[PDB]
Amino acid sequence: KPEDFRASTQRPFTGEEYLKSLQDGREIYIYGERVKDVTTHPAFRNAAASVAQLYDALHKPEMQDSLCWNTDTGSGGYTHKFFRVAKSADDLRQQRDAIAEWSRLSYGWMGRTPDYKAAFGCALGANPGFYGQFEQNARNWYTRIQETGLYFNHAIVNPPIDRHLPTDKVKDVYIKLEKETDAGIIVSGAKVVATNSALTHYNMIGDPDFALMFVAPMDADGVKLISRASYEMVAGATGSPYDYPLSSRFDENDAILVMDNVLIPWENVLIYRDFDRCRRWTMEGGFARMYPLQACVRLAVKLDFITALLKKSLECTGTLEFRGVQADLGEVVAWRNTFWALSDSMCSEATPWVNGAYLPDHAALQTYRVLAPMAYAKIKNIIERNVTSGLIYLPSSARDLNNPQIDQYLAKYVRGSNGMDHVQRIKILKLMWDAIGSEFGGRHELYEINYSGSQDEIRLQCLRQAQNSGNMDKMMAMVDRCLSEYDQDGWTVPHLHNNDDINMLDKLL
């Protein structure tokens, strides 16, 4: 139904069609109230408009070489390159570049755009046989996501459990099968951290009644979102675009997704009462082996933005001349370079998987995940220790600049160091502040550092990849070879010299 808002079946949504497709009476709450229409609501309307611009870019003739491919479905249509299964390392590189072009439309700040779950679509299309009796659902969902550009999110993090409650009552907390019918399955439960789900068409949701994976439409009866605070709405109500230039347009609301007696049609079921497939899906389904290409590129585009924003901030404060400041900026550049290089390795070392599909280099994926929190924390610390005074006393509002009684003083006392007027100085530094210190900036720090999992778990996943791939045993073979070349009596290889002719310990002792 959502794709029926398109005027053509041979291309994805335009932005205008996407926005119309959201006017479906989805059940969303924020600040204790029901949201009538996400495309007009003060908490969501600009974020929706920002996503709609991504869809518009797909149809600009000058963008289509970098953004789009023909579909592989026989439709005669086209789609964003990352919505179609890659069949070579170069395909992955072209997808890398198409993701980057989309990411640049939000300067790297929207991390859960439609291309993130395009990797889920492609995993379905590349390995549909994984799903057994639901193999045809996988194939059909791949085709649908690819041709239409359907916006998916995933809701996968389980709600907290009160350990002191009876084991009776806590089975109601997790997503669980309630009833099996001929029309599909009825499910109830919740998932937390449903980031930007208010703007999606579908969410993937992932005792055998708990071992499910299925697709849920956002407008299905019983599907509800409970929103977190809206940095977009607060910036609109008490600020301005000048004062909160990122909060006002790129806020991705991290919701709780609730399912209350929701009917999931059988066509939307992918794994059903199946602990074994649920267990193997992360390794074998492909999604976890593919989405970090998007996530790494998106972060790299954000680091492009932050790197130059730091340079511009240091230009206007005048400290960029100093050697130590330039060295700090150079380290930020190195971190920015790192994530582009990891995405290079992802594509260049890609491997054949199944049915001709290629997967990016797996070690590079795990490495991006471990390094990103450290890099982001270090960059934020570099920014704050270099743009010291300049951020703390910024005037409250564009209203200060627009009142000549106040502006007369700002014009004298808050100019930029490099011939820059006060309006441009304050503008640049307010952009940096919205990037790192606003509530939006603080949420993004949380997102970049912890969202991918706990620091232990991401390091364990890195170790497990090295072991499962055989890389660790290959490294161990080198250590074992080294140990084999000597023993407690001396060398065991002929090319090295016995030290008996020079050993002085007998003489000494």
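Throughout, we count residues from 1 along the sequence that is shown.
Gap size between residue 207 and residue 206, counted in deposited residues that the entry leaves unmodelled: Gap size class: 4 to 9 residues without coordinates, per the record.
Higher-B stretch (mean Cα B-factor, as the entry records it), 155-163 or 371-379: Result: 155-163.
351-359 versus 407-415 - which carries the larger mean C-alpha B factor in the record: Per the PDB record, 407-415.
Highest-ranked of 12, 490, 494, 15 once sorted by CA temperature factor in the record: Answer, based on the entry's C-alpha B-factors: 494.
Which of 312, 179, 336, 104 ranks first by CA B-factor in the deposited coordinates: If I rank 312, 179, 336, 104 by C-alpha B-factor, first place goes to 179.
Third of the chain's Cα B-factor distribution that residue 319 belongs to, per the entry: According to the entry, residue 319 has a C-alpha B-factor in the chain's highest third.
Entry-reported Cα temperature factor of residue 277, expressed as the chain third it lands in: Highest third - that is where residue 277 ends up once the chain's C-alpha B-factors are sorted.
Residue 96 by Cα B-factor - lowest, middle or highest third of the modelled chain: Lowest third, going by the recorded CA B-factors of the chain.
Assigned third (lowest, middle, highest) for the C-alpha B factor of residue 120: For residue 120, whose C-alpha B-factor we compare with every modelled residue in the chain, the answer is the lowest third.
Position of residue 453 among the chain's modelled residues by C-alpha B-factor, lowest, middle or highest third: For residue 453, whose C-alpha B-factor we compare with every modelled residue in the chain, the answer is the highest third.
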